[PDB]
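# fold the following, please.
(chains A, B, C, D, E, F, G, H, I, J and K, ligands or ions: 132)
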Amino acid sequence: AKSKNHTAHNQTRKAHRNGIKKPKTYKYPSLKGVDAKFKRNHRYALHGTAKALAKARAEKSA
Amino acid sequence: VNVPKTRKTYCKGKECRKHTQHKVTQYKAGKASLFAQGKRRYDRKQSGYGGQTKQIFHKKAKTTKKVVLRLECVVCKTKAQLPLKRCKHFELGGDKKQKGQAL
Amino acid sequence: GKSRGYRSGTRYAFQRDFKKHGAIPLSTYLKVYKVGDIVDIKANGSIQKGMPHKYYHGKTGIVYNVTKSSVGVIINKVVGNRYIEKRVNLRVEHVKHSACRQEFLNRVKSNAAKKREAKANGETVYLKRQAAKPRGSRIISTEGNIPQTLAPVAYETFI
Amino acid sequence: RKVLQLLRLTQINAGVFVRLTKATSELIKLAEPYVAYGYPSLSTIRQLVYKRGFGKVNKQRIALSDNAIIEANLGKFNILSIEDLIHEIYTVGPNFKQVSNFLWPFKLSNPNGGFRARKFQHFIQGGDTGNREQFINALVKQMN
Amino acid sequence: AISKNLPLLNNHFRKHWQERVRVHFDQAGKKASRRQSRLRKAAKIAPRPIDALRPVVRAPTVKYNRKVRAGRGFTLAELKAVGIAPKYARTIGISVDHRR
Amino acid sequence: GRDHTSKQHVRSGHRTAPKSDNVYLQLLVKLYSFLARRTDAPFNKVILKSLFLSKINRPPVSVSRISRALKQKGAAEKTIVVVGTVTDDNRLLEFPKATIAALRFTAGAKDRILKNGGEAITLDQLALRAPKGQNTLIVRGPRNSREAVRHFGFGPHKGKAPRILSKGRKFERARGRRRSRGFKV
RNA sequence: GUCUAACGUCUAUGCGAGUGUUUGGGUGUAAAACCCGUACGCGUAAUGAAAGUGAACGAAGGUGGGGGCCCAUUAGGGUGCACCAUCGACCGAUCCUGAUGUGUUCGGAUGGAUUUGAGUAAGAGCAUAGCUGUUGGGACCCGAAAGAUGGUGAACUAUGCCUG
RNA sequence: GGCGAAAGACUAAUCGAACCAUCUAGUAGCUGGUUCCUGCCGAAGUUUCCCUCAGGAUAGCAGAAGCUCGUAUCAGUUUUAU
RNA sequence: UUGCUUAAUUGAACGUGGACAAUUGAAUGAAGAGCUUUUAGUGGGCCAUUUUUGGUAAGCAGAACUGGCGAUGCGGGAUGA
RNA sequence: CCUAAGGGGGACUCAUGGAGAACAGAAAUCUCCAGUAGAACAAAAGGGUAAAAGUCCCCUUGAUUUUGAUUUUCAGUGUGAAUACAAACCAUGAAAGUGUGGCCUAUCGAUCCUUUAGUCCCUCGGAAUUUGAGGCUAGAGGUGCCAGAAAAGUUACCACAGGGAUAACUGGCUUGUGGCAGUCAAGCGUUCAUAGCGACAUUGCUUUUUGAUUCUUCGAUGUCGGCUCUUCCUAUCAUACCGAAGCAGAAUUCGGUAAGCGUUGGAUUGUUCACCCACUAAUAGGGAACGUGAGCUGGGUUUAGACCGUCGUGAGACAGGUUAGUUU
RNA sequence: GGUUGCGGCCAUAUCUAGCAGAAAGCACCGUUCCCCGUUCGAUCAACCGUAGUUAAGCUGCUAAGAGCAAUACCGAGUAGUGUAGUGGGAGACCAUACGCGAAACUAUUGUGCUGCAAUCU
Ligand SMILES: CC(=O)O[C@@H]1[C@@H](O)[C@H](O[C@H]2[C@H](OC(=O)[C@H]3CC[C@@H]4[C@H](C3)O[C@@]3(C[C@H](OC(=O)/C=C/c5ccccc5)[C@H](C)CO3)[C@]43CO3)O[C@H](C)[C@@H](O)[C@@H]2OC(C)=O)O[C@H](C)[C@H]1O
Ligand SMILES: [Mg+2]
Ligand SMILES: [Mg+2]
Ligand SMILES: [Mg+2]
Ligand SMILES: [Mg+2]
Ligand SMILES: [Mg+2]
Ligand SMILES: [Mg+2]
Ligand SMILES: [Mg+2]
Ligand SMILES: [Mg+2]
Ligand SMILES: [Mg+2]
Ligand SMILES: [Mg+2]
Ligand SMILES: [Mg+2]
Ligand SMILES: [Mg+2]
Ligand SMILES: [Mg+2]
Ligand SMILES: [Mg+2]
Ligand SMILES: [Mg+2]
Ligand SMILES: [Mg+2]
Ligand SMILES: [Mg+2]
Ligand SMILES: [Mg+2]
Ligand SMILES: [Mg+2]
Ligand SMILES: [Mg+2]
Ligand SMILES: [Mg+2]
Ligand SMILES: [Mg+2]
Ligand SMILES: [Mg+2]
Ligand SMILES: [Mg+2]
Ligand SMILES: [Mg+2]
Ligand SMILES: [Mg+2]
Ligand SMILES: [Mg+2]
Ligand SMILES: [Mg+2]
Ligand SMILES: [Mg+2]
Ligand SMILES: [Mg+2]
Ligand SMILES: [Mg+2]
Ligand SMILES: [Mg+2]
Ligand SMILES: [Mg+2]
Ligand SMILES: [Mg+2]
Ligand SMILES: [Mg+2]
Ligand SMILES: [Mg+2]
Ligand SMILES: [Mg+2]
Ligand SMILES: [Mg+2]
Ligand SMILES: [Mg+2]
Ligand SMILES: [Mg+2]
Ligand SMILES: [Mg+2]
Ligand SMILES: [Mg+2]
Ligand SMILES: [Mg+2]
Ligand SMILES: [Mg+2]
Ligand SMILES: [Mg+2]
Ligand SMILES: [Mg+2]
Ligand SMILES: [Mg+2]
Ligand SMILES: [Mg+2]
Ligand SMILES: [Mg+2]
Ligand SMILES: [Mg+2]
Ligand SMILES: [Mg+2]
Ligand SMILES: [Mg+2]
Ligand SMILES: [Mg+2]
Ligand SMILES: [Mg+2]
Ligand SMILES: [Mg+2]
Ligand SMILES: [Mg+2]
Ligand SMILES: [Mg+2]
Ligand SMILES: [Mg+2]
Ligand SMILES: [Mg+2]
Ligand SMILES: [Mg+2]
Ligand SMILES: [Mg+2]
Ligand SMILES: [Mg+2]
Ligand SMILES: [Mg+2]
Ligand SMILES: [Mg+2]
Ligand SMILES: [Mg+2]
Ligand SMILES: [Mg+2]
Ligand SMILES: [Mg+2]
Ligand SMILES: [Mg+2]
Ligand SMILES: [Mg+2]
Ligand SMILES: [Mg+2]
Ligand SMILES: [Mg+2]
Ligand SMILES: [Mg+2]
Ligand SMILES: [Mg+2]
Ligand SMILES: [Mg+2]
Ligand SMILES: [Mg+2]
Ligand SMILES: [Mg+2]
Ligand SMILES: [Mg+2]
Ligand SMILES: [Mg+2]
Ligand SMILES: [Mg+2]
Ligand SMILES: [Mg+2]
Ligand SMILES: [Mg+2]
Ligand SMILES: [Mg+2]
Ligand SMILES: [Mg+2]
Ligand SMILES: [Mg+2]
Ligand SMILES: [Mg+2]
Ligand SMILES: [Mg+2]
Ligand SMILES: [Mg+2]
Ligand SMILES: [Mg+2]
Ligand SMILES: [Mg+2]
Ligand SMILES: [Mg+2]
Ligand SMILES: [Mg+2]
Ligand SMILES: [Mg+2]
Ligand SMILES: [Mg+2]
Ligand SMILES: [Mg+2]
Ligand SMILES: [Mg+2]
Ligand SMILES: [Mg+2]
Ligand SMILES: [Mg+2]
Ligand SMILES: [Mg+2]
Ligand SMILES: [Mg+2]
Ligand SMILES: [Mg+2]
Ligand SMILES: [Mg+2]
Ligand SMILES: [Mg+2]
Ligand SMILES: [Mg+2]
Ligand SMILES: [Mg+2]
Ligand SMILES: [Mg+2]
Ligand SMILES: [Mg+2]
Ligand SMILES: [Mg+2]
Ligand SMILES: [Mg+2]
Ligand SMILES: [Mg+2]
Ligand SMILES: [Mg+2]
Ligand SMILES: [Mg+2]
Ligand SMILES: [Mg+2]
Ligand SMILES: [Mg+2]
Ligand SMILES: [Mg+2]
Ligand SMILES: [Mg+2]
Ligand SMILES: [Mg+2]
Ligand SMILES: [Mg+2]
Ligand SMILES: [Mg+2]
Ligand SMILES: [Mg+2]
Ligand SMILES: [Mg+2]
Ligand SMILES: [Mg+2]
Ligand SMILES: [Mg+2]
Ligand SMILES: [Mg+2]
Ligand SMILES: [Mg+2]
Ligand SMILES: [Mg+2]
Ligand SMILES: [Mg+2]
Ligand SMILES: [Mg+2]
Ligand SMILES: [Mg+2]
Ligand SMILES: [Mg+2]
Ligand SMILES: [Mg+2]
Ligand SMILES: [Zn+2]
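Residues are numbered from 1 along each chain as shown, chains lettered A, B, ... in the order given. Ligands and ions are numbered 1, 2, ... in the order given. Below, you will see the structure:
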């Protein structure tokens, strides 16, 4: 029979009708793939930071 | 391929949890039981009329097999299995290479 | 037979520079990478572990993870009609800090310094950059520079 | 095509004012084979703004028929009259961007007298595209 | 044959199903005829009740232990306790179950 | 001819009226079309848009959501506004005295609001005591809790719910859901 | 391009942590309309192959936004539902540790783990209807060469016989 | 099945497997056809897998329903730095 | 703040508090940005300029980018996707 | 393919050249100097490597365990392969470190079934014990058409759905091939390049060859040749008028204008082609859907019968021979 | 400023041939009982600093030096190229317009700079 093998013609036309969109940026990136040892300890540091701020505000209030 | 008959690898046995000495043996597939459910189902399906009821493989392509090492711990008798790459030639505890010798 | 392996077509991309083969200068191993740093990626052919794929040779990205000998860099790659976030683990031999950050970071300092100085003097200063503008009027002196008349030259063969 | 769209030139015989720097010069260089441009005189600017001057008001093309429209849209930029707008365009002022973007692209007619025999070649080579400089005034006189 | 993100179905319609389709057009007709039969039975045996007295029994299984329902007949021990013979009880509107 | 930089003749893509033909919902739209057009109060423009929403875009608000919203600091005497149905919650231990304006109240919800000293009024009654929505607090129900959303965006390593009719060990658990059966996605 | 069984999305409607009268019973001006209720289906708990176990550290969590609302007085502050990004907590599976104790092999407290679930984290569903899309059905309409089952032909003709 | 001095010949104008009725509306990735108007939008013949190469699934292109918001921060473009 | 890290009172990450106010840090444009669900047809292509492979070449076969025809009428090329 | 050709550490430095030493020479072994790698690193090639990744030596099993994340192909699915870490357990080294197979880029494999290892855990559903069986996790047994049916032929007795998505005519592009024609002039031609020729090269034309392609036609354009008949081309065989000669005459050869006019009868062959005989002024070459089958004929080719040779186990095949075979 | 130890950049530092080098340092240098390694105390190991030397190393200077580095009214706005035309040419290819723009060549200049610690005429 024999047919067309390959062509990238018209593909940049289709990608640019609704795409070619840069990804959105967020303040906090996901920590997926970050070192487990750092991630394990970072859990304890954030929890303690919240406690200190909670107590400081609990002092202000009453 | 030449593999020594002993090896010190990690032992998964609950008693050991460490590298111990192991005895290397080539794994040999066990005998097919007649009361395995798949062999029980196969015999019933083949019975009666209908001919051969399940496919028979023909188009062999592999020319080798994967060698599996049976590692038995000398301390607790726990066995372990290790597959090797595809080798045509394989001896266990053969003569070690002698480098520097003449022809 | 088609060939499409990992390092196909990287004959010249992954080559060392001429008269620059061999051992790695140790400033490469003394640099410090922090999460959020912008780094250029350039595969070193002499270090094959932690080596980037040929796509990332010449790309610049953000460090997101720091390990014993490597950094994780986030790259945005076009896949069809959108970008996909790629997370590549690279040994620091294939990584160098991007020189773009600092120009920004010096221009930030200069703007801050200029603003306070105008604030100190009680005047105003404009900090937005401008493209090159058309030049103003000017007067050309001809003392020692009387115009010399040129003409197109005839055709000659020099072989 | 993108360059012509970003210059708001999305039809034939559409005209726009551009302040010459480097970014906009390299833009016009990209669109050069499809446009005729030049340096407009004060009378040319006045005639353009008076006859075909329109403003973008709530994304609508509104005729500049009264100075109140101009004041209501450009008084925060110190433009209170059609002559303030013309001055801001001609002597390129601090608010050229806002005043020229407020101006709807001029929709000119074809030249009275035609173009040259073949438009789509540089003005230097006997065509119409590229920079004609002071002859942009004659061309606009033909087309406006 | 398989397309899109859809649930995988089990529609058992590969036999000659259309030859065995029972449509209950006669639901109302059977309701009416059942009522007429019930009237005939009542007028046949009046003033004797149309329903035999049934016992109350616990439902089997761990799921219906809590529930209690109408049984089939009173046991021989139960009829013995009230001094009624089963042969006589069946003739005075009492249901008997020799099995329970 | 024009080189169009955007698609031509494009509808806004937002509802400008309810799809419902209920005449009484139209009366509410009648009232808040006038209010949104004339008060400059952002509350009235939000309510008019919310009256257009479809049923899945106005999820029911439990009487527990109102209790938690009234438990914000300085919000105990605010008027709770729900453009939709307010349902009961038999998991609450107690309910405060509150004024709530809603499209509909369930029997348990109306009972509970009135049992605790509160009011259960309609959205037209709101427009007279608060024509600008003063001292109000709009409460919306959970949109992503719907069952249909479980199957949205299903794919490999996406963690969504497969569209399946039966649940059990024999239903889509072997190959592609288990490393012992090839791979897992 | 239909009808039907079972379905996905969306929409309208009724009720709502419930929902669905119609299998059936009552009733009737009699296949209608009207009325009734036990069960049952789906939902309200998941997870594990299973034995089994089974959802609050906290105001049902923190951070950055967030329409609307409150206090202001450009600006600013407070409160911030839905929703988004991110870091956590709880339940089930997997792995690690293994208290008082004990049918001495059971029990599994307590504390953890780049693991894992279609979960919890102040319910959202059920039912009816409509368009569109899916699958099984003759399946948009018409179409094979074939296969099977059960019957009818040696008035033509082939061959044997009998009689001319 | 018959019958054949054998041609795959003959077996009621039917023979390399008669005729009749049924299963049967047999199946068909292949042909053909597929019935009123206007308005708006508007493609693909490309990726991967498939006894896949005249076909499917899948992604892409397109329509419809919208939803959260209202200049927030986007771009088939330029400048500067790297 | 941490159970990570340092010889450490060193760092790492996440933070409390304070300072820098509209030239808040290039241009130009922006019928606004972002998000979701669902489904059709298609999955034979071909041509022109330029880059380009096999072939002596081909109105031949095959790729790259763009624009077109296909799906498209109108004026010109007499005629012509 | 490799128990090292994997891992660690240490020491040394290859290819090659020069100058020297008994047998010893181009090649044996020894010495010095030079030696950016011109070598070696299992195997293709590319990259990489010098107090090493190369050579040699010592010790080893990290070619181990639990599983997550990531890169390539990508639908951002699978498979293969690889990367950086987490938690163990080890090897090596004084140590820092390095090591999760081979310096890097290839070296491989789902569902169902079986088997082995692990956990010695769950279940066999009226309750137990022990066999047996079934589960959970990880390997192996294999799909090479390698995202993975279980599979020999023939039909010249043939059928169906289609296809000009595709071959066998004509036609279209091309012109390799075929045919024909030029230029430059070393040579030939007794002397003498061009009366007549003309090598090595090189420029073209033609579509009567054969290729190349597959655009049209597969709901069909009747596929060879001959007979009959018309017309057209010129690259002219003869006949008209002329120019040239290595033209004395006769004869002959080259050329110009020239297609007006003619170009045959037969043996053999189905032939187109060919070859012979003979006449003739000459017996030129071609086209017109390889002109011409509702004009014929039907010898050939190419249905079904049959024979032979070779092939095949056979049914049967032959672009091999042979004979009979409806031309509406 | 010299020198040593440890370095950063990794030839402006390399290569060849000469010459010079105060002080300290470095170095060669002397020995083999001990730890250690070799065919060989040559390398490696240890001891003495005692007997000697700047001969070598090292350092600096010299060379129309090689190489390397930098610069440019050098070549050259050349080659190439993005964009354009119903431009030229039978073609091969070429010219023009708006832009970007080399390499070789030629000439000149230079020949390590520097961080921490210690030490010295
Ligand atoms: C003997 C002969 O010539 O044929 C044998 C046949 O006897 C064998 O039948 C076995 C039969 O096989 C099956 O039922 C299939 C199960 C798995 C399928 C297939 C066989 O094997 C495959 C392919 C390949 O495994 C084999 O190939 C296995 C061969 C085998 C042989 C004996 C027993 C078990 C397996 C994959 C690894 C997966 O397993 C599979 C997925 O395609 O099972 C019975 C229980 C056995 O008793 C029976 O064995 C015998 C000797 O009778 O099937 C093989 C495919 C044939 O090659
Ligand atoms: Mg094909
Ligand atoms: Mg083709
Ligand atoms: Mg195709
Ligand atoms: Mg073991
Ligand atoms: Mg069975
Ligand atoms: Mg038998
Ligand atoms: Mg059978
Ligand atoms: Mg090959
Ligand atoms: Mg290749
Ligand atoms: Mg390179
Ligand atoms: Mg490796
Ligand atoms: Mg990588
Ligand atoms: Mg200022
Ligand atoms: Mg403008
Ligand atoms: Mg005129
Ligand atoms: Mg004119
Ligand atoms: Mg003119
Ligand atoms: Mg004129
Ligand atoms: Mg003109
Ligand atoms: Mg003209
Ligand atoms: Mg005019
Ligand atoms: Mg839910
Ligand atoms: Mg009824
Ligand atoms: Mg009736
Ligand atoms: Mg119920
Ligand atoms: Mg005890
Ligand atoms: Mg005890
Ligand atoms: Mg104990
Ligand atoms: Mg206990
Ligand atoms: Mg989870
Ligand atoms: Mg929840
Ligand atoms: Mg919930
Ligand atoms: Mg049909
Ligand atoms: Mg159908
Ligand atoms: Mg259907
Ligand atoms: Mg049919
Ligand atoms: Mg059959
Ligand atoms: Mg007869
Ligand atoms: Mg029979
Ligand atoms: Mg018989
Ligand atoms: Mg025959
Ligand atoms: Mg017969
Ligand atoms: Mg008959
Ligand atoms: Mg007949
Ligand atoms: Mg007959
Ligand atoms: Mg097909
Ligand atoms: Mg349109
Ligand atoms: Mg599809
Ligand atoms: Mg695509
Ligand atoms: Mg869409
Ligand atoms: Mg934005
Ligand atoms: Mg730059
Ligand atoms: Mg702050
Ligand atoms: Mg700028
Ligand atoms: Mg679709
Ligand atoms: Mg789609
Ligand atoms: Mg689709
Ligand atoms: Mg489709
Ligand atoms: Mg095609
Ligand atoms: Mg197709
Ligand atoms: Mg074009
Ligand atoms: Mg051109
Ligand atoms: Mg092509
Ligand atoms: Mg088409
Ligand atoms: Mg067009
Ligand atoms: Mg026309
Ligand atoms: Mg035309
Ligand atoms: Mg023409
Ligand atoms: Mg090696
Ligand atoms: Mg080794
Ligand atoms: Mg080694
Ligand atoms: Mg070493
Ligand atoms: Mg292995
Ligand atoms: Mg693949
Ligand atoms: Mg993969
Ligand atoms: Mg993918
Ligand atoms: Mg992937
Ligand atoms: Mg994978
Ligand atoms: Mg390690
Ligand atoms: Mg396998
Ligand atoms: Mg039992
Ligand atoms: Mg089993
Ligand atoms: Mg399990
Ligand atoms: Mg397997
Ligand atoms: Mg295959
Ligand atoms: Mg395949
Ligand atoms: Mg097969
Ligand atoms: Mg035959
Ligand atoms: Mg044949
Ligand atoms: Mg064709
Ligand atoms: Mg030719
Ligand atoms: Mg030729
Ligand atoms: Mg031809
Ligand atoms: Mg053809
Ligand atoms: Mg045909
Ligand atoms: Mg026809
Ligand atoms: Mg034909
Ligand atoms: Mg005809
Ligand atoms: Mg023929
Ligand atoms: Mg002639
Ligand atoms: Mg004639
Ligand atoms: Mg004859
Ligand atoms: Mg003859
Ligand atoms: Mg012949
Ligand atoms: Mg023809
Ligand atoms: Mg021909
Ligand atoms: Mg013919
Ligand atoms: Mg012809
Ligand atoms: Mg004819
Ligand atoms: Mg005929
Ligand atoms: Mg003929
Ligand atoms: Mg014939
Ligand atoms: Mg014949
Ligand atoms: Mg012949
Ligand atoms: Mg025949
Ligand atoms: Mg034979
Ligand atoms: Mg034959
Ligand atoms: Mg032959
Ligand atoms: Mg005959
Ligand atoms: Mg100095
Ligand atoms: Mg000294
Ligand atoms: Mg010594
Ligand atoms: Mg020593
Ligand atoms: Mg010295
Ligand atoms: Mg000296
Ligand atoms: Mg020099
Ligand atoms: Mg050019
Ligand atoms: Mg052009
Ligand atoms: Mg022209
Ligand atoms: Mg130029
Ligand atoms: Zn052990």
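# flag every buried residue along stretch D:94-107.
D:95, D:96, D:98, D:99, D:100, D:102, D:103, D:104, D:105, D:106 (16 or more other CB atoms under 10 Å in any protein chain shown). Just so you know, the C-beta spots here come from the backbone N, C-alpha and C atoms, and that holds for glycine as well.
# against RNA strand I, how distant is the nearest residue to residue A:21 once chain neighbours are set aside?
For residue A:21, ignoring the flanking residues on the chain, the nearest one in space by CB to CB, 6 or more residues apart in numbering or on different chains is residue C:82 at 5.7 Å. When CB to the nearest atom of the strand, to the nearest Å is the yardstick, residue C:82 and RNA strand I sit 9 Å from each other.
# got it, and residue A:37?
Counting by CB to the nearest atom of the strand, the gap from residue A:37 to RNA strand I is 5 Å.
# tell me how far that residue lies from residue A:43.
Per CB to CB, to the nearest Å, residue A:37 is found 11 Å from residue A:43.
# over to residue B:14?
30 Å.
# contact partners for the residue nearest the centre of chain D?
Most central in chain D under CA atoms, centre = their mean is residue D:16, positioned 2.7 Å from the mean C-alpha point. For residue D:16, the contacting residues are D:7, D:8, D:9, D:100, D:105, D:106, by CB atoms under 8 Å, 6 or more residues apart in numbering or on different chains.
# coming back round to it: and for residue A:37 and residue A:43, which residues touch both?
Counting by CB under 8 Å, 6+ apart, no residue touches both residue A:37 and residue A:43.
# quick check: phi and psi on residue F:136?
phi -110, psi 170 (degrees, to the nearest 10).
# that one - how many residues pack around it?
17 (other CB atoms under 10 Å in any protein chain shown).
# tell me which parts of chain B are close to ligand 1?
Those residues of chain B that sit near ligand 1, judged by CB under 6 Å from any ligand atom, are B:32, B:38, B:39, B:42, B:54, B:56, B:57.
# could you redo the last one with a cut-off of 5 Å?
Within chain B, the positions near ligand 1 by CB under 5 Å from any ligand atom are B:39, B:42, B:54, B:56, B:57.
# in which helix or strand does the last one reside?
Counting by DSSP states H and E, no helix or strand carries residue B:57.
# what's the local residue count around residue D:55?
Neighbours of residue D:55 (other CB under 10 Å): 19.
# smallest gap between chain E and ligand 132, at which residue?
Nearest residue of chain E to ligand 132 (CB to the ion) works out as residue E:62 at 46.8 Å.
# residues contacting that residue?
Going by CB under 8 Å, 6+ apart, the list of residues near residue E:62 is empty.
# then residue F:107?
Contacts of residue F:107 (CB under 8 Å, 6+ apart): residue F:88.
# quick one: the helices in the chain?
Unless you meant another one, I'm taking chain A. Secondary structure of chain A, counting by DSSP state H: helices at A:11-18, A:36-61.
# wrong chain, I was asking about chain C
Going by DSSP H, chain C shows helices at C:27-30, C:100-120.
# distance to ligand 132 and mean neighbour count added to the ones you listed, as TSV?
Shown next, in TSV, are the helices of chain C (distance: least, CB to the ion, whole Å; neighbours: other CB atoms under 10 Å in any protein chain shown):
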stretch	distance to ligand 132	mean neighbour count
helix C:27-30	41	10
helix C:100-120	55	11
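# which one of the helices of chain A lies nearest to ligand 1?
helix A:36-61 (37.9 Å; CB to the nearest ligand atom).
# hmm, that closest one touching chain F?
No: shown here: helix A:36-61 not in contact with chain F (CB under 8 Å from any CB of the partner chain), separated by at least 10.9 Å.
# residues contacting the residue in chain B sticking out farthest from the centre?
Distance from the C-alpha centroid of chain B, by CA atoms, centre = their mean, peaks at residue B:49 (37.6 Å). Not one residue lies near residue B:49 by CB under 8 Å, 6+ apart.
# could I get the strand or helix carrying residue D:85 in CSV with only the CA atoms?
Element membership for residue D:85, per DSSP H and E: helix D:82-90. Taking C-alpha atoms only, helix D:82-90 is exported to CSV below (Å, rounded to 0.1, in the frame of the first residue of the first chain):
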residue,chain,number,x,y,z
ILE,D,82,-7.8,67.8,21.1
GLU,D,83,-4.8,70.2,20.7
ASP,D,84,-3.4,68.9,23.9
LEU,D,85,-3.6,65.4,22.4
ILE,D,86,-2.0,66.6,19.2
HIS,D,87,0.8,68.3,21.1
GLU,D,88,1.4,65.2,23.2
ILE,D,89,1.7,63.1,20.1
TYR,D,90,3.8,65.5,18.0
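# could you say what helices and strands that helix packs with?
With contacts taken as 3 or more CB pairs under 8 Å, 6 or more residues apart in numbering or on different chains; DSSP states H and E, helix D:82-90 sits against helix D:42-52, helix D:67-74, helix D:96-102.
# 6 Å instead, please
Here helix D:82-90 touches helix D:42-52, going by 3 or more CB pairs under 6 Å, 6 or more residues apart in numbering or on different chains; DSSP states H and E.
# give the buried residues for the helix it packs on.
D:44, D:45, D:46, D:47, D:48, D:49, D:52.
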